[PDB]
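See below for the structure under consideration.
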Protein chains: 2
Amino acid sequence: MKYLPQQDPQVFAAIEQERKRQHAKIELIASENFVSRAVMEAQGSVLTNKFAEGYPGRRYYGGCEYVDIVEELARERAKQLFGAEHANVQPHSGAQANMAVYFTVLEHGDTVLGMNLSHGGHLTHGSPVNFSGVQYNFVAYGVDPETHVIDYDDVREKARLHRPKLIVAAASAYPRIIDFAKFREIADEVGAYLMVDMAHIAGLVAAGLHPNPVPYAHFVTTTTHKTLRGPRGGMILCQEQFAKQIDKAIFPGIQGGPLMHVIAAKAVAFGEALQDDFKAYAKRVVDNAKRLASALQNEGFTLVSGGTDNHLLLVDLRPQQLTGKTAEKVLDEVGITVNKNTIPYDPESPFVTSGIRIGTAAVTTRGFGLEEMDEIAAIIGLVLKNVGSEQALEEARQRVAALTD
Amino acid sequence: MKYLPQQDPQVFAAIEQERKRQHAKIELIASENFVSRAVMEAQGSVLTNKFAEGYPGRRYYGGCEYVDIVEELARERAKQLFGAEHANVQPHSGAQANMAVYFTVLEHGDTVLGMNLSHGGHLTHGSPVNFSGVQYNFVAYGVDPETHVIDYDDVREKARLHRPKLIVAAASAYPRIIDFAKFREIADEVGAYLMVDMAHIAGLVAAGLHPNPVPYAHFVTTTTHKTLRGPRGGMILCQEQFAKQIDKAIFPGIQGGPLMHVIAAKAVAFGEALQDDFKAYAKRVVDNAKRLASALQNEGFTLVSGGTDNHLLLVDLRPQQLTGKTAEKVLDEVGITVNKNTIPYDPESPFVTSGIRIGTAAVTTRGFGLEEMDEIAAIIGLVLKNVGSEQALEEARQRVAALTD
């Protein structure tokens with residue numbers, strides 16, 4: 001940086017602390033990643049100066065010839081990556097992408113069926129303190145109490161009882177592959193649209209490591225950040241038949257001007273994801289998660305669903321008589337970043353919880369591999385088995401520092 | 001840029017075209033501006049990597065110690081700039097800021113009173129193709145047919161007839177000072193909340209060149225871009241009594257994770273606006289608009305409301321028997337960027353219009369002054385009086401190039 005340090009010492013000092021923090025800590029929050037310098041440069045471009053309400057070649061303001069090229073690059077690369085017939089790369093966020101889909105197909109008070117929030121569903125899939133739960137009538141399907149896999153007979157029964165206009169599939173804390181074919185079958189049986197929110201798994205989908213919901217869903221929403229490793233923002237994919245309606249939902253429906261600099265950054269991230277080395281990266285993410293899962297089980301931890309098919313795992317801390325809140329706090333003390341997370345059928349509140357969620361996307365980006373997974377597991381075991389031992393915590397602190405260099 | 005040119009030739013080439021376009025053209029779109037290099041660097045920072053759902057010191061994820069400092073700098077500087085008791089700097093956009101306020105105080109179907117869209121009101125102030133007009137029952141107040149000033153007796157009559165729960169004041173195309181005291185008086189009479197959307201005029205408010213709505217409004221919304229000259233995004237200001245509710249409206253209400261890098265950029269922009277040189281800048285904006293208005297009238301143009309009190313003016317092209325669409329197109333041919341805009345009581349559709357809207361914020365940022373205003377007016381006269389003369393258009397093109405160097 002050249003200009004920020006002189007113009008704004010306070011902001012610069014804080015940014016620098018954050019940059020150094022990113023390097024020093026072991027980032028295990030499952031939605032986190034590290035974007036490339038190219039992505040950041042795109043975001044830091046003069047494209048922030050351009051008002052571009054509307055769409056490429058159909059803008060409501062002049063001078064968009066070049067931002068049109070940028071947006072089209074984003075859309076076309078997204079279509080290549082996911083085999084979708086249409087992309088909308090304007091959503092400011094995953095929440096806004098979801099909001100737009102809901103706005104497209106639902107009327108106020110319509111019934112929607114989404115994954116139970118405490119079983120792995122997202123806030124925007126029907127929380128009563130979120131616009132989704134306030135604006136529409138959400139009902140929930142659950143995972144099996146033993147296996148923690150989505151109970152597809154429960155999805156079907158809920159669908160048949162409540163007759164939702166829309167079924168939502170996908171999750172923020174589900175460690176197994178989701179069966180989109182079964183979701184579409186149930187949707188078809190009850191005449192509901194299927195929306196898949198693939199935010200967590202989009203990078204894995206791009207790399208062919210998770211089944212693609214695009215052929216099965218009427219609408220697919222996603223973040224451009226997370227496993228896709230792009231800038232923070234949203235995207236919608238759909239077949240040509242819904243394109244016009246989806247585009248109108250985003251603008252003039254729910255947003256105004258798009259963030260063209262962020263859209264440039266989206267294009268860059270999609271370009272990266274199209275490369276062979278991204279496929280290799282994504283496989284390491286999944287390999288690392290499986291290895292970390294195995295190594296945690298070796299330490300004596302119980303995992304929700306007994307392991308993982310993707311980038312993330314959930315530790316059920318009940319056998320250790322620890323809350324997720326306690327585990328999160330003590331791990332923070334040694335420089336390991338996780339989040340407390342409800343487990344299915346959790347006896348604790350979402351503010352306390354019986355679990356921690358862990359993902360490998362961020363550490364994989366930093367070049368961590370299988371050996372590092374073993375060591376991370378060992379450090380977690382050391383800490384959580386010795387929460388009252390400052391000596392143990394200091395050892396953990398030193399081992400964390402050894403990993404981050 | 002160092003990394004983008006190598007990683008993504010296509011995206012870089014388009015960005016570079018856009019940068020060169022920004023320099024070459026005369027930007028007169030009233031909402032446009034040019035941010036500082038410091039603002040851009042903040043946006044291009046590693047803060048894009050940080051998930052920070054929640055608020056400073058009350059986050060739902062760990063490791064936010066430094067982004068908390070950043071967000072607090074944004075909030076405190078916003079409070080200094082506007083004398084508000086509370087700021088929320090998380091809205092992704094002006095639309096989302098408005099959406100959040102509506103979500104806070106309104107139920108689906110509630111009546112709201114906003115400025116007539118074809119008299120200068122915004123899309124999010126009740127358009128039937130926008131969430132605002134679809135979710136709530138919008139009624140409109142108008143400007144006087146002769147003076148084009150808001151008819152405060154019409155505001156009052158509409159308020160008393162329709163009994164809105166919320167009254168919205170502020171505009172995207174209104175060239176005169178808005179009387180917030182009168183809006184609050186009417187609101188008080190009918191027991192309605194007052195929301196002021198100051199997006200266009202926020203920079204002028206910060207510089208003391210437009211009355212501040214903060215003491216009069218329950219909620220003030222704004223963009224951080226436009227006359228405030230910040231990154232693209234939204235903000236809400238309100239008294240302490242609504243703070244909790246407003247914050248909950250943004251999260252978990254309508255958004256998820258905030259854009260912390262954009263929030264850093266917000267802090268930077270607020271820092272700039274607190275400086276004396278920003279006050280001088282804003283005065284030049286208003287001086288330039290008045291001069292441009294005068295010079296346009298000297299050329300024979302009629303202006304909506306007969307002039308301007310702020311950064312923008314509207315040309316009523318009916319005396320020249322031109323549509324806004326025709327004027328916009330031919331000005332684009334010579335390198336002057338304006339937008340067609342409905343005028344009050346426009347006999348044409350919003351897709352054709354009888355006006356063009358012009359603002360001076362962007363050219364002022366580039367260092368244009370009174371002499372340049374005279375020349376811009378002269379070029380506009382040359383073009384619009386000679387739409388069928390390629391020689392005239394070429395002369396205009398050359399004069400535009402002389403201005404931009």
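In the structure tokens, each chain is lettered A, B, ... as it comes, each chain's residues begin at 1, and ligands are numbered from 1 in order of appearance.
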Point to revise | Which of segment 23-227 of chain B fall in alpha helix (DSSP H), as number ranges by chain | key: B: 23-24, 37-43, 65-82, 94-105, 131-135, 152-162, 180-190, 202-206
Practice item. Excluding residue 351 of chain B and any residue of its chain fewer than 2 positions from it, enumerate the residues within 9 Å of it, using only C-alpha atoms, and give them as a list in words. Key: residues 324, 325, 340, 341, 342, 348, 349 and 353 of chain B
Against segment 79-86 of chain B, which residues of segment 196-255 of chain B fall within 6 Å? For each one I want the closest pair of atoms and the distance in Å (one decimal), counting only C-alpha atoms, rows by chain and increasing residue number, as a Markdown table.
| residue | atom | partner | partner_atom | distance |
| --- | --- | --- | --- | --- |
| B:206 | CA | B:81 | CA | 5.7 |
| B:237 | CA | B:86 | CA | 5.7 |
| B:238 | CA | B:86 | CA | 5.3 |
| B:239 | CA | B:85 | CA | 4.8 |
| B:240 | CA | B:85 | CA | 5.5 |
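As for atom CA of residue 74 of chain A and atom CA of residue 99 of chain A, they are spaced 20.8 Å apart.
Between atom CA of residue 380 of chain B and atom CA of residue 209 of chain B the interatomic distance comes to 27.2 Å.
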Review point. Could you list, as an MDAnalysis selection string, every residue of chain B that has an atom within 6 Å of an atom of chain A, counting only C-alpha atoms?
Key: chainID B and resid 3:4 14 18 34 38 40:41 43:44 49 66 95 130:131 252:255
Kindly export the residues of the current selection with N, CA, C and O atoms, as an mmCIF file, in the first residue's frame.
data_model
loop_
_atom_site.group_PDB
_atom_site.id
_atom_site.type_symbol
_atom_site.label_atom_id
_atom_site.label_comp_id
_atom_site.auth_asym_id
_atom_site.auth_seq_id
_atom_site.Cartn_x
_atom_site.Cartn_y
_atom_site.Cartn_z
ATOM 1 N N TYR B 3 -0.265 -8.009 -10.004
ATOM 2 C CA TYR B 3 -0.622 -9.426 -10.115
ATOM 3 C C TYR B 3 -1.760 -9.702 -11.084
ATOM 4 O O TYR B 3 -1.754 -10.715 -11.784
ATOM 5 N N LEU B 4 -2.726 -8.793 -11.122
ATOM 6 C CA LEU B 4 -3.849 -8.916 -12.043
ATOM 7 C C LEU B 4 -3.432 -8.992 -13.531
ATOM 8 O O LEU B 4 -3.958 -9.832 -14.254
ATOM 9 N N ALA B 14 -9.873 -4.861 -19.647
ATOM 10 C CA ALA B 14 -11.172 -4.179 -19.509
ATOM 11 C C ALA B 14 -11.127 -3.096 -18.425
ATOM 12 O O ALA B 14 -11.674 -1.986 -18.608
ATOM 13 N N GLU B 18 -11.588 0.993 -18.809
ATOM 14 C CA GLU B 18 -12.484 1.758 -17.935
ATOM 15 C C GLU B 18 -11.784 2.940 -17.254
ATOM 16 O O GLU B 18 -12.328 4.060 -17.184
ATOM 17 N N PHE B 34 -15.232 10.371 -8.040
ATOM 18 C CA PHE B 34 -13.973 9.617 -8.103
ATOM 19 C C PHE B 34 -13.379 9.511 -6.705
ATOM 20 O O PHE B 34 -13.096 10.521 -6.070
ATOM 21 N N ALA B 38 -6.387 6.060 -1.488
ATOM 22 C CA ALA B 38 -6.477 5.467 -0.147
ATOM 23 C C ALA B 38 -7.758 4.633 0.020
ATOM 24 O O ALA B 38 -7.718 3.523 0.569
ATOM 25 N N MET B 40 -9.517 3.206 -2.392
ATOM 26 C CA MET B 40 -9.333 2.024 -3.224
ATOM 27 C C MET B 40 -8.428 0.986 -2.558
ATOM 28 O O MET B 40 -8.757 -0.194 -2.536
ATOM 29 N N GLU B 41 -7.309 1.431 -1.981
ATOM 30 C CA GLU B 41 -6.408 0.500 -1.283
ATOM 31 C C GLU B 41 -7.084 -0.223 -0.124
ATOM 32 O O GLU B 41 -6.887 -1.429 0.059
ATOM 33 N N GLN B 43 -10.293 -0.924 0.061
ATOM 34 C CA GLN B 43 -11.149 -1.915 -0.608
ATOM 35 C C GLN B 43 -10.381 -3.103 -1.150
ATOM 36 O O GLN B 43 -10.919 -4.206 -1.225
ATOM 37 N N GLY B 44 -9.133 -2.870 -1.555
ATOM 38 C CA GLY B 44 -8.300 -3.926 -2.105
ATOM 39 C C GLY B 44 -7.479 -4.640 -1.043
ATOM 40 O O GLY B 44 -6.505 -5.309 -1.375
ATOM 41 N N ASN B 49 -10.932 -11.179 3.511
ATOM 42 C CA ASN B 49 -10.803 -12.547 4.037
ATOM 43 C C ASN B 49 -11.533 -12.811 5.372
ATOM 44 O O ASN B 49 -11.625 -13.970 5.798
ATOM 45 N N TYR B 66 -9.344 -6.725 15.257
ATOM 46 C CA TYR B 66 -8.843 -5.623 14.421
ATOM 47 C C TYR B 66 -9.881 -5.077 13.453
ATOM 48 O O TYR B 66 -9.952 -3.851 13.239
ATOM 49 N N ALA B 95 -29.839 0.719 -1.180
ATOM 50 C CA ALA B 95 -31.092 -0.071 -1.209
ATOM 51 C C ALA B 95 -31.222 -0.908 0.071
ATOM 52 O O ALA B 95 -32.287 -0.953 0.694
ATOM 53 N N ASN B 130 -40.165 -2.664 -7.539
ATOM 54 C CA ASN B 130 -39.157 -2.751 -6.475
ATOM 55 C C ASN B 130 -39.760 -3.413 -5.235
ATOM 56 O O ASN B 130 -40.990 -3.378 -5.029
ATOM 57 N N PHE B 131 -38.916 -4.021 -4.400
ATOM 58 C CA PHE B 131 -39.439 -4.663 -3.188
ATOM 59 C C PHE B 131 -40.293 -3.656 -2.383
ATOM 60 O O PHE B 131 -41.285 -4.045 -1.765
ATOM 61 N N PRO B 252 -29.368 -10.130 12.435
ATOM 62 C CA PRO B 252 -29.641 -11.148 11.400
ATOM 63 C C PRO B 252 -30.813 -10.895 10.434
ATOM 64 O O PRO B 252 -31.169 -11.790 9.675
ATOM 65 N N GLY B 253 -31.350 -9.678 10.411
ATOM 66 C CA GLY B 253 -32.554 -9.385 9.642
ATOM 67 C C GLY B 253 -32.435 -9.562 8.136
ATOM 68 O O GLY B 253 -33.095 -10.416 7.551
ATOM 69 N N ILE B 254 -31.580 -8.763 7.501
ATOM 70 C CA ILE B 254 -31.579 -8.702 6.036
ATOM 71 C C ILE B 254 -30.257 -9.076 5.354
ATOM 72 O O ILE B 254 -30.259 -9.446 4.173
ATOM 73 N N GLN B 255 -29.158 -8.989 6.099
ATOM 74 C CA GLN B 255 -27.838 -9.376 5.590
ATOM 75 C C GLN B 255 -27.205 -10.512 6.390
ATOM 76 O O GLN B 255 -27.746 -10.952 7.408
#
**Study point:** DSSP strand (DSSP E or B) residues within segment 51-285 of chain A, as a ChimeraX atom specification
**Key:** /A:54-55,58-59,86-88,111-115,137-141,143,150,166-169,193-197,219-223,234-238
Write a file of the just-selected residues containing N, CA, C and O atoms, as a compact mmCIF listing (two decimals), in the first residue's frame.
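result-v4.txt, written as the output of this step:
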# COMPACT_ATOMS: atom_id res chain seq x y z
N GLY A 54 -28.75 -2.08 -14.13
CA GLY A 54 -29.13 -2.83 -15.32
C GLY A 54 -28.16 -3.97 -15.56
O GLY A 54 -27.45 -4.40 -14.64
N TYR A 55 -28.12 -4.44 -16.80
CA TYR A 55 -27.31 -5.59 -17.19
C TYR A 55 -26.49 -5.30 -18.45
O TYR A 55 -26.77 -4.31 -19.15
N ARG A 58 -27.75 -3.73 -21.66
CA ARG A 58 -29.10 -3.32 -21.27
C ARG A 58 -28.99 -2.52 -19.97
O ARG A 58 -29.67 -2.80 -18.97
N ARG A 59 -28.08 -1.54 -19.96
CA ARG A 59 -27.88 -0.69 -18.79
C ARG A 59 -28.79 0.51 -18.83
O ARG A 59 -29.23 0.93 -19.91
N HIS A 86 -27.68 -19.83 -17.22
CA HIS A 86 -27.71 -18.41 -16.89
C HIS A 86 -27.05 -18.15 -15.54
O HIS A 86 -27.18 -18.93 -14.60
N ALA A 87 -26.34 -17.02 -15.46
CA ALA A 87 -25.74 -16.58 -14.21
C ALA A 87 -26.14 -15.14 -13.96
O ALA A 87 -26.28 -14.35 -14.90
N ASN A 88 -26.34 -14.82 -12.69
CA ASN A 88 -26.48 -13.44 -12.27
C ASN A 88 -25.40 -13.21 -11.22
O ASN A 88 -25.43 -13.83 -10.15
N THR A 111 -45.44 -21.06 1.99
CA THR A 111 -44.71 -22.10 2.71
C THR A 111 -43.44 -22.53 1.97
O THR A 111 -43.46 -22.76 0.75
N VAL A 112 -42.35 -22.63 2.73
CA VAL A 112 -41.06 -23.07 2.21
C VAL A 112 -40.52 -24.14 3.16
O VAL A 112 -40.70 -24.06 4.37
N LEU A 113 -39.82 -25.13 2.60
CA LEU A 113 -39.28 -26.22 3.36
C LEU A 113 -37.77 -26.15 3.25
O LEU A 113 -37.23 -26.24 2.14
N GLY A 114 -37.10 -26.00 4.39
CA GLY A 114 -35.63 -25.88 4.41
C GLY A 114 -35.03 -26.78 5.47
O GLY A 114 -35.75 -27.37 6.29
N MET A 115 -33.70 -26.91 5.47
CA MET A 115 -33.04 -27.77 6.45
C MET A 115 -33.08 -27.14 7.84
O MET A 115 -32.82 -25.94 7.99
N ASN A 137 -43.43 -18.70 5.35
CA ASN A 137 -43.77 -19.71 6.33
C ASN A 137 -42.84 -20.92 6.23
O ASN A 137 -43.11 -21.87 5.49
N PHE A 138 -41.72 -20.87 6.95
CA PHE A 138 -40.75 -21.96 6.88
C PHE A 138 -41.07 -23.17 7.75
O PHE A 138 -41.42 -23.03 8.94
N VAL A 139 -40.97 -24.34 7.15
CA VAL A 139 -40.99 -25.62 7.85
C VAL A 139 -39.65 -26.32 7.58
O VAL A 139 -38.96 -26.00 6.61
N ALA A 140 -39.29 -27.26 8.45
CA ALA A 140 -37.94 -27.83 8.44
C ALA A 140 -37.90 -29.36 8.33
O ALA A 140 -38.79 -30.06 8.87
N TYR A 141 -36.89 -29.86 7.63
CA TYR A 141 -36.58 -31.30 7.64
C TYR A 141 -35.28 -31.51 8.42
O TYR A 141 -34.45 -30.59 8.54
N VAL A 143 -31.98 -34.27 10.04
CA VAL A 143 -31.07 -35.39 9.85
C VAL A 143 -31.46 -36.53 10.81
O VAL A 143 -32.13 -36.30 11.83
N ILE A 150 -29.09 -36.40 6.33
CA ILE A 150 -30.43 -35.90 6.02
C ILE A 150 -31.36 -37.10 5.85
O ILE A 150 -31.01 -38.07 5.16
N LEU A 166 -41.71 -23.98 -2.41
CA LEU A 166 -40.27 -24.03 -2.65
C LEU A 166 -39.65 -24.95 -1.62
O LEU A 166 -40.00 -24.88 -0.44
N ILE A 167 -38.73 -25.80 -2.06
CA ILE A 167 -37.89 -26.58 -1.15
C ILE A 167 -36.47 -26.06 -1.30
O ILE A 167 -36.00 -25.86 -2.42
N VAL A 168 -35.80 -25.83 -0.17
CA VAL A 168 -34.40 -25.40 -0.13
C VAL A 168 -33.52 -26.56 0.35
O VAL A 168 -33.83 -27.19 1.38
N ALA A 169 -32.44 -26.82 -0.38
CA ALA A 169 -31.43 -27.79 0.02
C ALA A 169 -30.11 -27.05 0.11
O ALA A 169 -29.91 -26.04 -0.57
N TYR A 193 -40.79 -25.81 -6.50
CA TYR A 193 -39.49 -25.43 -7.03
C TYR A 193 -38.42 -26.00 -6.09
O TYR A 193 -38.66 -26.16 -4.88
N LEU A 194 -37.25 -26.31 -6.65
CA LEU A 194 -36.07 -26.65 -5.83
C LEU A 194 -35.01 -25.56 -5.95
O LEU A 194 -34.58 -25.23 -7.07
N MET A 195 -34.60 -25.03 -4.80
CA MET A 195 -33.47 -24.11 -4.72
C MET A 195 -32.35 -24.79 -3.95
O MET A 195 -32.59 -25.35 -2.89
N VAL A 196 -31.13 -24.73 -4.48
CA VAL A 196 -29.98 -25.27 -3.76
C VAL A 196 -29.05 -24.13 -3.42
O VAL A 196 -28.60 -23.41 -4.31
N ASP A 197 -28.79 -23.95 -2.13
CA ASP A 197 -27.83 -22.94 -1.67
C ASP A 197 -26.48 -23.65 -1.47
O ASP A 197 -26.26 -24.30 -0.44
N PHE A 219 -33.16 -23.22 -9.23
CA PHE A 219 -32.29 -22.12 -8.84
C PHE A 219 -31.16 -22.64 -7.98
O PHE A 219 -31.38 -23.44 -7.07
N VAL A 220 -29.95 -22.18 -8.26
CA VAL A 220 -28.82 -22.45 -7.38
C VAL A 220 -28.25 -21.11 -6.95
O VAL A 220 -27.95 -20.28 -7.79
N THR A 221 -28.14 -20.92 -5.64
CA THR A 221 -27.50 -19.74 -5.08
C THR A 221 -26.15 -20.11 -4.48
O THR A 221 -25.91 -21.27 -4.11
N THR A 222 -25.29 -19.11 -4.35
CA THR A 222 -23.97 -19.33 -3.78
C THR A 222 -23.32 -18.02 -3.39
O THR A 222 -23.71 -16.95 -3.87
N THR A 223 -22.35 -18.14 -2.49
CA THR A 223 -21.39 -17.08 -2.26
C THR A 223 -20.27 -17.29 -3.29
O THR A 223 -20.09 -18.39 -3.82
N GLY A 234 -22.35 -12.58 -3.76
CA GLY A 234 -23.31 -13.64 -4.09
C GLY A 234 -23.39 -13.89 -5.59
O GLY A 234 -22.85 -13.12 -6.40
N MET A 235 -24.07 -14.98 -5.95
CA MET A 235 -24.36 -15.32 -7.34
C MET A 235 -25.58 -16.24 -7.39
O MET A 235 -25.85 -16.98 -6.44
N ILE A 236 -26.33 -16.14 -8.48
CA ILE A 236 -27.44 -17.04 -8.76
C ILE A 236 -27.21 -17.71 -10.12
O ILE A 236 -26.80 -17.06 -11.10
N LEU A 237 -27.47 -19.02 -10.17
CA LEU A 237 -27.45 -19.78 -11.40
C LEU A 237 -28.85 -20.34 -11.62
O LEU A 237 -29.52 -20.69 -10.65
N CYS A 238 -29.27 -20.42 -12.88
CA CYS A 238 -30.59 -20.97 -13.22
C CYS A 238 -30.68 -21.28 -14.72
O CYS A 238 -29.83 -20.87 -15.51
Check your understanding: Leaving out segment 282-294 of chain A and any residue of its chain fewer than 4 positions from it, which residues lie within 10 Å of it when counting only C-alpha atoms, given as number ranges by chain?
Key -> A: 175, 203-210, 227-228, 273, 277-278, 298-303, 306-315, 358-365, 367-378
Practice item. Name all residues at most 8 Å from residue 404 of chain A (count only C-alpha atoms; drop same-chain ones fewer than 2 positions away) and give them as a PyMOL selection string. Key: chain A and resi 23-26+400-402
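The space separating atom CA of residue 98 of chain A from atom CA of residue 247 of chain B comes to 20.5 Å.
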